[PDB]
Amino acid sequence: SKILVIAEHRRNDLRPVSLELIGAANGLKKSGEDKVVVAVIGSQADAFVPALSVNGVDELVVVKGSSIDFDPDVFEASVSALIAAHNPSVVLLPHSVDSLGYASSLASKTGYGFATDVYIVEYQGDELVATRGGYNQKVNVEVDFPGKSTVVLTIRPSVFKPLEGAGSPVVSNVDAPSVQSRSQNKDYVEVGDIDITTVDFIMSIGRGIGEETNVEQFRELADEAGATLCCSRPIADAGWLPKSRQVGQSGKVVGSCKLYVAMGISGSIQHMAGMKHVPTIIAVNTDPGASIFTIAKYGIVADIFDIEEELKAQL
């Protein structure tokens, strides 16, 4: 059998989720003799052969299509042709913004199994069994794929461990199917900064703060504590704090932080992406069912305004 992994790159750099999928694939395959095939797609993708010539890769396919970076029409056509060529039992995509632009289009056309944002996967006997979340991550939903010869999964980032070491895949080159894409990529853009929240001590505010006039008391709490003030997405979407202070998947990963104090933040997957590595996490939230409590070291089920005022008094 073969497992097909689609790598991901952007702005000349390989995204590290690629190596996570290679670990996942190697953990998943049923026998030592099964092969892991990795594809990298892009008009300049030969550049990535060194970075993808790693432990666990049996075959590496460079697909040259019409665009440098991701294009949904090019990726759908290319991945379709790879599945045809390699007959994989399982195809692993990252559950990434790029994959959102085509994975479910690729699955709609076909007789394939499909599930997204998967964080457990195994074979039981010959049966592939995948688990994903339900009801805002309050349950696990365990699924299988009856009678499907090919299953496409998108895989949650930061769950599967990459393998260590070099490898020696058979490298090949193919052209993408000649598809004129219905979109064209234009500039990358960084939107219109004082601090870089690759800092040590963070107090982070979420939607629980209620109204923009409540931001100031937290900025004063962080001031006096010696913390940097960050936020979850709704605060920055509202313009209440700059996008530069946003923690999470489409904000920053707070790589240097040792103490992160999350106030009125539910702990969405996307927020956790930015901060779940922090050694000491304190959550202050009036909802005991909040996901944030599943990663916090310390939990306080209390009103954030009452804690903030007391905290400022005691300091």
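One rule holds for the numbers: they count along the sequence shown, beginning at 1.
> Count of coordinate-less deposited residues separating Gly192 and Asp193, as none, 1 to 3, 4 to 9, or 10 or more?
In the deposited sequence, 1 to 3 residues between these two have no coordinates.
> Higher mean Cα B-factor in the deposited model: 27-35 or 258-266?
Taking the mean B-factor of the alpha carbons in each, 27-35 is higher.
> Hey, which bit's got the bigger mean C-alpha B factor in the entry, 151-159 or 241-249?
The deposited B-factors put 241-249 ahead on the C-alpha mean.
> Going by the deposited entry, which of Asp187, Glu216, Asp98, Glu122 has the highest CA temperature factor?
Answer for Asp187, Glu216, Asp98, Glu122: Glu216, with the highest C-alpha B-factor.
> Of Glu127, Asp71, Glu142, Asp200, which one's C-alpha B factor is largest in the deposited record?
Result of the comparison over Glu127, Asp71, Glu142, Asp200: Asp200.
> Quick check on the deposited entry: does the C-alpha B-factor of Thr286 sit in the lowest, middle or highest third of its chain?
Middle third - that is where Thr286 ends up once the chain's C-alpha B-factors are sorted.
> Check where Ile307 lands among this chain's C-alpha B-factors and tell me if it's the lowest, middle or highest third.
Its C-alpha B-factor belongs to the highest third of this chain's values.
> C-alpha B factor of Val40, ranked within the chain: lowest, middle or highest third?
As the PDB entry reports it, the C-alpha B-factor of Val40 lands in the lowest third of its chain.
> Looking at the temperature factor on the CA atom of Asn87, which third of the chain's modelled residues does it land in?
Answer is middle: the recorded C-alpha B-factor places it there.
> When the deposited Cα B-factors of this chain's modelled residues are ordered and cut into thirds, is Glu212 in the lowest, the middle or the highest one?
Middle third - that is where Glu212 ends up once the chain's C-alpha B-factors are sorted.
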